[PDB]
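Summary of structural features
The lines below spell out each chain.
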Amino acid sequence: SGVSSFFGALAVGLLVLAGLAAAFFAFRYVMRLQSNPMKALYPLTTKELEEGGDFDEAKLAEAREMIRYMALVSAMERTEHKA
Amino acid sequence: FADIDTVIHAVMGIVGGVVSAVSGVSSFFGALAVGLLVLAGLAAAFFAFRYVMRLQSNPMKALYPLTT
Amino acid sequence: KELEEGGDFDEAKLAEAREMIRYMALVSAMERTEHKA
Amino acid sequence: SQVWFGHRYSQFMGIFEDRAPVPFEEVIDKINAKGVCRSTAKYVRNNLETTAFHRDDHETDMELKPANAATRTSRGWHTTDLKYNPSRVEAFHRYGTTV
Amino acid sequence: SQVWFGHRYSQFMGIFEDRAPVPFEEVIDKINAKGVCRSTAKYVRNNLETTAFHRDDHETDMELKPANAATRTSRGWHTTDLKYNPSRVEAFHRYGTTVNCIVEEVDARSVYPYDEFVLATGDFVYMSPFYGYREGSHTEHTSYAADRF
């Protein structure tokens, strides 16, 4: 409490500004994963992104089903950590 | 024993003057302004932290909700 | 977990994973449209 | 008055009282000419110039009222009959000025 | 002085003034021996020991200056001519300390039985002007703790 009372008025204020800064930037990053993670998570390999026929419907159906089994991996990983 | 009449009225220039102004601005009222920003920072920290705790476990449900 | 002279690598599998990421992003965008509605 | 407020009481932490020399201009132009007296007091003291307001309010010319009656005393005139003390907010120091 | 600062003015919230008894050592060794007087004052008061600095600054021995002229008055000497008040930071309470050393010659008057006397300033000293240590002088009256004399 004496150390706190010490000057220090900049020290604690600096730590609080760094905490608000980390909270802000982390929060914005979370808001940027909540929407399309693969662009914000895999930027370089999702780079190239009018009349586009390159699309493959079956490939997207494969990716959909992959997500489900990927979630099944996560659950198995949860059980390992708990043990 | 004293002096009845005398009156005491009271780069580097940039920092000191600007610092004094902001310290005056801080002292301004403002008690709600800084408290509001601090509450928004604690709020962002809390919700972001909980989101991180929700990605740490099964991301695909919290990341791909509709297709899972 | 398991992560010197490693020949286990499969170049085509990585090329499959690259293309998967692109279509995975296409799922995310479709998910965004659902939430907005 | 540095008033401090408990839960069901109220203290005085300090009562600073001083005398302000009414300047020449205020005497000639307001008291003598108009019969009214200002509510702000500005003077030299301890080499630091000081300025004070009544009830921590804006400047106002106030009616000079005859002093209430007393025996074996010469005449006097004042403007304020009561002292100002700050309103109550709990567990705080609050300063209240009267002039 | 608890100075408070508005926007285009400056108030006094309080001006605490007290008198410090200059101790024996400072009188014998600095005023009498050297003719200078310190800038710090330490004394007992309200049972709480207190210590005070001049202008909230470090301790310094200061030149004893003759008091300015006046009519029908005995001599005096001081060290500080002006009061200290804190510099201005806005919307804050700031405390500013001044300490002035004063040596002043005065007259003294005692009436019978002479177990106490007065001074030209009007202070009653509660001790016989003849109380001391030599030839039954400890018989005389002093309502003071014997260490003070």
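Rules and cut-offs
All residue numbers given refer to positions from 1 along each chain's written sequence rather than to the entry's numbering, and residues for which no coordinates exist are omitted. Following the order in which they are written, the chains are lettered starting with A and the ligands numbered starting with 1. A larger assembly contains the chains shown, yet all values here describe just the shown part. Working from all heavy atoms in the structure, the side-chain values ignore hydrogens and water. Only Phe, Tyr and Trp rings are paired, with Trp represented by its six-membered ring, and only when their centres lie within 6.5 Å; those with planes under 30 degrees apart are stacked, over 60 edge-to-face, the remainder tilted. A simple rule labels every residue: compare its accessible area, found with a 1.4 Å probe on the protein chains alone, to the largest value its type can have, and call it buried under 20%, exposed over 50%, or partly exposed in between. The numbering of helices and of strands both runs from the N terminus, where a helix is a DSSP run of H or I of at least 4 residues and a strand a run of E of at least 2. Whether a charge lies above a ring is judged from NZ of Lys or CZ of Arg, which has to be within 6 Å of the ring centre and within 35 degrees of the ring normal. When checking whether two residues touch, look at their non-hydrogen atoms; a contact exists if any pair is within 4.5 Å. Nonpolar cores were defined as sets of buried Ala, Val, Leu, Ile, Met, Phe, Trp, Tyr and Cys residues, with membership established by side-chain atoms within 4.5 Å. Buried surface area refers to the total accessible area, computed with a probe of radius 1.4 Å, that the two partners give up upon joining, counted for both partners together. Any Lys or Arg side-chain nitrogen found within 4 Å of a carboxyl oxygen on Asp or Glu counts as a salt bridge. Any N or O atom pair separated by 3.5 Å or less is treated as a polar contact, with the protein-specific requirement of one donor-capable and one acceptor-capable atom, and with residues adjacent in sequence counted only for side-chain atom pairs. A fitted line through C-alpha atoms serves as each axis, taken over the contacting stretch for helices, and the angle formed by two N-to-C directions is quoted from 0 to 180°. Angle categories are assigned with fixed cut-offs, so that under 35 degrees is roughly parallel, over 145 is roughly antiparallel, 65 to 115 is roughly perpendicular, and the rest are oblique. When residue character is reported, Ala, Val, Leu, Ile, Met, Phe, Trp, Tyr, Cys and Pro are called nonpolar, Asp, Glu, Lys and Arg charged, and the others, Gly included, polar.

If you check the header, you'll see the entry was determined by X-ray crystallography and the resolution is listed as 3.600 Å.

Here we take up the packing of aromatic side chains. A full pass over the atoms with the stated rule returns eight aromatic pairs over all chains. Their ring planes at 85° and their centres at 5.9 Å tell us that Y112 of chain E and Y114 of chain E sit as a pair that is edge-to-face. Overall, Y112 of chain E belongs to the exposed group, its relative accessible area being 68%. On the basis of an interplanar angle of 35° and a centroid distance of 5.9 Å, the ring pair of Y133 of chain E and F149 of chain E is categorised as tilted. A residue pair is termed long-range when its members are at least 10 positions apart, and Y133 of chain E in the segment after β12 (118-119) and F149 of chain E in the segment after β12 qualify at 16 residues. What links up through ring pairs into an aromatic cluster is the set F53 of chain D together with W4 and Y9 of chain E. The ring centre of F25 of chain A lies 4.9 Å from the NZ or CZ of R28 of chain A, which sits over that ring. Looking at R50 of chain B, its charged tip hangs above the ring of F47 of chain B, at a distance of 4.9 Å from the centre.

Further remarks concern the arrangement of the chains. For the six pairs of chains in contact, the largest share of contacts goes to chains A and B. At no point do chain A and chain E touch; the closest pair of C-alpha atoms across them sits 15 Å apart. A gap remains between chain C and chain E, which never touch, and the nearest two C-alpha atoms on either side lie 50 Å apart.

Within the largest apolar cluster, 13 residues are counted, with the highest numbers of intra-cluster contacts made by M38, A63 and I67 of chain A, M60 and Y64 of chain B together with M24 and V27 of chain C. Sorting the residues of this core by element identifies α4 (57-82) of chain A together with α1 (11-36) of chain C as the ones contributing at least two each. For this core, the leading source of residues is α1 of chain C, giving six residues. Ignoring anything within four residues of it in the chain, the contact list for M38 of chain A reads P43 and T46 of chain A, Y64 of chain B together with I21, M24, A25 and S28 of chain C. Grouped together as the second largest cluster of nonpolar side chains are six residues, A48, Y51, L55 and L63 of chain B included.

Here we take up the interface of chain B and chain E. Contact residues are listed per partner, giving eight residues for chain B and 18 residues for chain E. For the pair chain B and chain E, the summed buried area comes to about 960 Å², and 62% of that belongs to carbon and sulfur atoms. Between the two partners, chain B and chain E, sit zero salt bridges. Connecting chain B to chain E are four residue pairs in polar contact.

Close contact between α4 of chain A and α1 of chain C brings their axes to 9 Å; oriented N to C, the two are set at 85°. Comparing their axes, α1 of chain C and α4 of chain A come out roughly perpendicular. For the pair formed by α4 of chain A and α1 of chain C, the contact residues are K59, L60, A63, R64, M66, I67 and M70 of chain A on the first element and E19, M20, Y23, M24, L26 and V27 of chain C on the second. Class assignment of the residues belonging to the contact of α4 of chain A with α1 of chain C gives a composition of ten nonpolar, no polar and three charged.

The interface is formed by 17 residues belonging to chain B together with 16 residues belonging to chain A. Carbon and sulfur atoms supply 80% of the area that chain B and chain A bury against each other, a total of about 1,600 Å² over both sides. Sorting the residues of chain B by area buried against chain A places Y51, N58 and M60 of chain B first, and these three jointly supply 30% of that buried surface. At the junction of chain B with chain A, the criterion picks out zero salt bridges. Where chain B packs against chain A, one counts one residue pair in polar contact. At the level of elements, α2 (30-55) and α3 (59-63) of chain B are the ones that each hand at least two residues to the side of chain B that touches chain A. If you tally residues by element for the side of chain B that touches chain A, the top one is α2 of chain B, at nine residues.

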